[PDB]
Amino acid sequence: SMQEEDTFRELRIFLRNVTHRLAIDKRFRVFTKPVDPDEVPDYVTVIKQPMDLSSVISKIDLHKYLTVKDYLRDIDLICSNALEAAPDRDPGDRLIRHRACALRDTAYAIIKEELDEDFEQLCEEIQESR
């Protein structure tokens, strides 16, 4: 229905807002774009499912997220990919992991504070009905 399409529209607007807020945070700059094949060629081999905040925006616009849970799966993937790609004790890797963890925590905290759980439940029930 149009009411359901309106709901999905509201979700995309909200998701777009949260993602923007993430993407402008200077700590999260390394997560804003795909990793560069030239800068390191082993990334595409070691990371099977690359994800970044620009790809998240593209997916919102392609109507790929019908629930907040589906969006958070991609935020989690950005984080888990970073942890896997930067696992060592050296300061460079620890900085990346710290920032990855902060990205995840920030997204979750924004969502906890700003998303009505009944809105999410509605999204889930429309998704399940299709």
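Throughout, we count residues from 1 along the sequence that is shown.
With 74 to 82 and 89 to 97 compared on mean CA B-factor from the PDB entry, the stretch scoring higher is 89 to 97. Higher average CA B factor: 111 to 119, of the stretches 111 to 119 and 12 to 20.
Within the listed group 52, 61, 39, 105, the record reports its top CA B-factor for 39. Among all modelled residues in this chain, the alpha-carbon of residue 65 has a temperature factor (C-alpha) in the lowest third.
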